[PDB]
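Each remark here refers to the structure printed beneath this line.
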Amino acid sequence: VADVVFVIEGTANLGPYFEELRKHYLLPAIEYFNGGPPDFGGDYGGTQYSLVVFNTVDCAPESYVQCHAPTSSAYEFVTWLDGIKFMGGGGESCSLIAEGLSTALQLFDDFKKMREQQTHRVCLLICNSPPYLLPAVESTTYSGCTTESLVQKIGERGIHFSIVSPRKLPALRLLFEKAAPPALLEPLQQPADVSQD
Amino acid sequence: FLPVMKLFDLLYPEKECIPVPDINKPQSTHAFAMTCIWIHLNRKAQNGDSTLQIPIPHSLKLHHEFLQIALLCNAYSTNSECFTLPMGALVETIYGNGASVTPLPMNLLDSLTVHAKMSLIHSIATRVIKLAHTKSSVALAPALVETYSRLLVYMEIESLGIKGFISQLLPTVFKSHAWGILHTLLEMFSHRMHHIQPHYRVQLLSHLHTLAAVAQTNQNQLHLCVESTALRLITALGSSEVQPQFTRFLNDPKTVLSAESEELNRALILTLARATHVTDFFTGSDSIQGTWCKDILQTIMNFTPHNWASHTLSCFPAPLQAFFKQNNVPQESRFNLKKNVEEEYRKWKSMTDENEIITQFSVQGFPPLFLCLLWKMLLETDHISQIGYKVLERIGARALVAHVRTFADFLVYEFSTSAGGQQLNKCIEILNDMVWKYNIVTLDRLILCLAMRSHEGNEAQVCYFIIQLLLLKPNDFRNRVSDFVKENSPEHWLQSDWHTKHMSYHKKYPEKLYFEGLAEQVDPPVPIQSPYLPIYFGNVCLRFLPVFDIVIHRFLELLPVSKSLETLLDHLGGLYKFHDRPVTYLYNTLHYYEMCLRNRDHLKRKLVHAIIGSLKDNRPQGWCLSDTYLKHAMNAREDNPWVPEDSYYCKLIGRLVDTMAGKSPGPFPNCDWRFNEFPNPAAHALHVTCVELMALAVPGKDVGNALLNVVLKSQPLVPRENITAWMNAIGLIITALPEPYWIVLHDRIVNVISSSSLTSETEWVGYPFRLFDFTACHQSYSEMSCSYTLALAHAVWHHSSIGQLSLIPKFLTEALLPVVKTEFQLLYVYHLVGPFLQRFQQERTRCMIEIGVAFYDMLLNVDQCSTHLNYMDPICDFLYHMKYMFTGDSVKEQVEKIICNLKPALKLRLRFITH
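So the protein lines, in turn, are chains T and R.
Mind the numbering: the first sequence is residues 15 to 52, 56 to 134, 137 to 216 in the entry's author numbering, read in order.
Mind the numbering: the second sequence is residues 392 to 459, 474 to 503, 518 to 1334 in the entry's author numbering, read in order.
See below:
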């Protein structure tokens, strides 16, 4: 139960803004599943989640993914990745991470092998720069596109997925509602933390 | 607790499911530990009302709800909300009732109480004190308090608590008679619990003494038993305990220690003598430190017992009360005998028609005035006439002690004045027979009163036959003690039915003591006085220990007493199943008897087979190798056990060196490491060492040689990698042997080992340092026998460093003088005596000066007999260390009278010793 996924990618595009968003959207979201971030035992408790933030090909010709957050007790490594994510990312502003979200799908896969005995799987991804790229994975067997990623995240599994970007709105939300299963990308609002994004 | 719990869940609970259902009726606490700590941290979170109430009990989720077998009653009541269902799962008091008059038998220790410590601390304590606050409104039904007494770790954690509670209960003497609570437990509390803190137990002894004295006791008629109990606490542990506690009874003798417990005081001073026997607290000084005991003597000089009057003054360390020898005035100047006889005659002729007035006339006890009336009654064919029954029930409650003392004295006088046999037969026929039914003493008090006057000079030679006939009289009660075998050996620690057992016991054998065997005019039976009677008179076994001691350890001159003693245990051996400490009970019996016991030791050849018989009264399955000695000591004992005992000794000391890492902690210790004197199995070693071959001429010299053969000769089993622990154990043993055994050792060491040739030219090995230093045995060479012996000394001096050192100055002053000519012998004796000056600076301050003057005497001797000193600077800085660190500035003058007449070179070398 309560199988959530936390993703952010705008580190290269916009770092400080995330720090602001953390003060209003990221931190309250975690409190929905914990009595308060302190330092506790970690195991297969259902309510665990991951923390995935990477960069683009601009100044990283030797690294795309280094995620590691199986349980983290939802407090310690969560707060760590929040406050110690990154400060890099240059090049230009055309695309930061699309191939990342595909890997995110792969993460859900391991839940099928780990969360045996449903769980109403949920996921959330953040990215300031509007992404677009030809490559798909370059890391694993699975391959596709942004369209393939979203149809997998919606149809293949009923994972509720939203994108709480900065107050600005790019040309992304439009295509991300072409899924017959309700995407529910609504939680991009200055109002307080939604119950389940 | 956060990081501890985190790391525990990480390391220990390394899995991903909820395995191990763990029913485990015998023991499941280990499994449910994780579930319980999770429950406790969740309870703490709920008390804090935060941290999401500590969610995710996943790991042991099943075990999380196991609460919804008596052994599976794991009470987690301590946290919260488990005082209704789990508390009632434990056997509570009895509210339905108010001779099986007590339901709900007791709970077993190992079953549930082994774990429930953090919860059950003062639960029943609050109940019992709340019941005690107002009064004993009803006959106390709960007898489960026995389980309360079967609480060892609980006392270990709340000793101060129960002491405070008892002190707060003490105002019960102002409240109501001080009875309705004290006589409830003070006996069973002291019986069921044997091991306790020494300071705590002496404080309890002091408190009991005060309570006996103050407040008034004339209303507490059954307080007599309370006296007997008080005996055990002062007799069963008096080895080395009273001396450290000297600060805690500095004022108690100043106020009250001699109110009425004169017999208790006598047993006390006997135990004190037994204690101070070790280690030589009377040899050094005469009356300087005697303040430690002289104040005690004050109590004794209030009544001046122990008045042999220069007749058999040999079994004592140093007779100090011997100064107060004239205050005895024995037998009232030999004149008051016929005077008190005529007095009691006149009082009989008067009480013939003055009973209603002699009731109020017989006040103050009048010991040699009243009890002689007994000599009349049952002498005139049951001429009691019940006139004296009221008098005894009214006045003779306490003063009966001096009464029975005079009674014993008078009966011994009558037995002596018989003189020929015209009465002896009549005595054995009627006089010692009528005392059976029905005296209140019940053969309990007469022993010490008989002892107080028996050892006196007057007729010590014939009270022997008195004790003989006295021990021969029991033929109707000893059978009860005989059939009483089936109470201890079956169950002594794991009590499950002892309640009904002792119920049936006190129902069968005893009937009544408060009434007479003959029904007078009116006698309302109304049997109700049975609130708490767990033990009736079995406790006498404690006082049964001095009986032998006072009759064996004190009286040993006439040998046929042996023929007596061998019978006693042969009928009362099984009675010994409550304590086993023969070391402190036998060591004093040979402090100076050996030099004269040799011939009588032949009869000891029988007595050992009696003494070990007392050892035979024990079935814990705790002996598997001493049985070899037993088997090889049952047929033709004068053939086998002489030689091979040496090897046997190794085997024995093997267990000692098997105390640390071997497999001895298996079947050797059992049942239950609680009251079998087991803080360390080492105490089991000293068990037989002395009584092994004390029958023949083996003691004196052969015993010491045998003990030391394990060093100078390479035993087969002896391995050369751990000889250190071996010598350590040998010293541990030696610390518990009589004087000559470990004094002959010193003479053997200094005899030829220090002086083989060693004076003309020993060898090129004459380098002192490499030889005399130990740890050279780490190599298979440089292990010359002599050096070994050195460590040997160190060995015993590694543990006998309390009072035994007072022996070495004398041992020096003569023996080491005319045996040393060269210098390496000096270095040897130095290493022998050297590394112990701290023990003298601390305690034996008077002896360090002698040690120093001995050092300087060795120096003068080696100076006068030498061609030239080869190792000047070693002795120089040695003496420098000794002076600057230990002698301070005291001996400076005396050494001067020696240091001036040394060699010019040595003079310049020690020049700065002048200051």
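Note that the Cβ used here is the ideal one computed from N, Cα and C, for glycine as well.
Buried or exposed by the 16-neighbour rule on C-beta atoms within 10 Å, applied to residue i
| i | result |
| --- | --- |
| T/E33 | exposed |
| T/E116 | buried |
| T/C146 | buried |
| R/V941 | exposed |
| T/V18 | buried |
| R/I947 | exposed |
| R/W711 | exposed |
| R/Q1223 | buried |
| R/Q779 | exposed |
| R/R824 | buried |
| R/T1241 | buried |
| R/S1309 | exposed |
| R/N1018 | exposed |
Neighbourhood of residue i by C-beta distance below 6 Å, restricted to the same chain and skipping five residues each side
| i | result |
| --- | --- |
| R/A1195 | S1201 |
| R/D1065 | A1125 and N1128 |
| R/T591 | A597 and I600 |
| R/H454 | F423 and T426 |
Where residue i falls: helix, strand or coil (DSSP)
| i | result |
| --- | --- |
| R/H1028 | helix |
| R/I543 | helix |
| T/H179 | strand |
| T/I22 | strand |
| R/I707 | coil |
| R/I803 | coil |
| R/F593 | helix |
| T/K37 | helix |
| R/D863 | coil |
| R/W429 | helix |
| R/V831 | helix |
| R/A1114 | coil |
| R/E682 | helix |
| R/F701 | coil |
| R/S873 | helix |
| T/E93 | helix |
| R/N958 | coil |
| R/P561 | coil |
| R/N415 | coil |
| R/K1311 | helix |
Identity of the residues DSSP links to residue i by a beta bridge
| i | result |
| --- | --- |
| R/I1317 | DSSP, once it has assigned bridges, lists no residue as partnering R/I1317. |
| T/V69 | T/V21 |
| T/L143 | T/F20 and T/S181 |
Proximal residues to residue i (C-beta, below 8 Å), its chain only, five neighbours per side dropped
| i | result |
| --- | --- |
| R/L559 | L550, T603, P950 and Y951 |
| R/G992 | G1032, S1033, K1035 and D1036 |
| residue 1349 of chain R | Nothing about residue 1349 of chain R can be reported from this structure: the residues present for chain R run from 392 to 1334 only. |
| T/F128 | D17, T138 and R140 |
| R/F967 | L984 and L987 |
Sequence-distant residues of its chain with Cβ nearer than 7 Å to residue i (five each side left out)
| i | result |
| --- | --- |
| residue 53 of chain T | No coordinates are present for residue 53 of chain T, because the numbering of chain T runs from 52 directly to 56. |
| R/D1282 | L1321, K1322 and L1325 |
| R/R1265 | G703 |
Task: Whole alpha helix (DSSP H) elements within the region 98 to 131 of chain T, 4-residue minimum - done: 116 to 131
- [ ] Let me know the beta strand (DSSP E) ranges lying completely inside the region 1124 to 1191 of chain R, each 3 residues or longer, listed in chain order.
- [x] Secondary structure in the region 1124 to 1191 of chain R: no beta strand (DSSP E) run of 3 residues or longer lies completely within the stretch.
Task: Completely contained beta strand (DSSP E) runs for the region 1016 to 1090 of chain R, where each covers 3 or more residues - done: Counting only runs of 3 or more, we get nothing.
Task: Runs of beta strand (DSSP E) wholly within the region 717 to 799 of chain R (minimum 3 residues, chain order) - done: none
- [ ] May I have a chain-ordered list of the alpha helix (DSSP H) segments no shorter than 4 residues that lie completely inside the region 921 to 952 of chain R?
- [x] none
Open item on the list: Could you tell me which whole alpha helix (DSSP H) segments of length 4 or greater appear in the region 1206 to 1290 of chain R?
Closed with: 1226 to 1232, 1243 to 1252, 1256 to 1261 and 1264 to 1283
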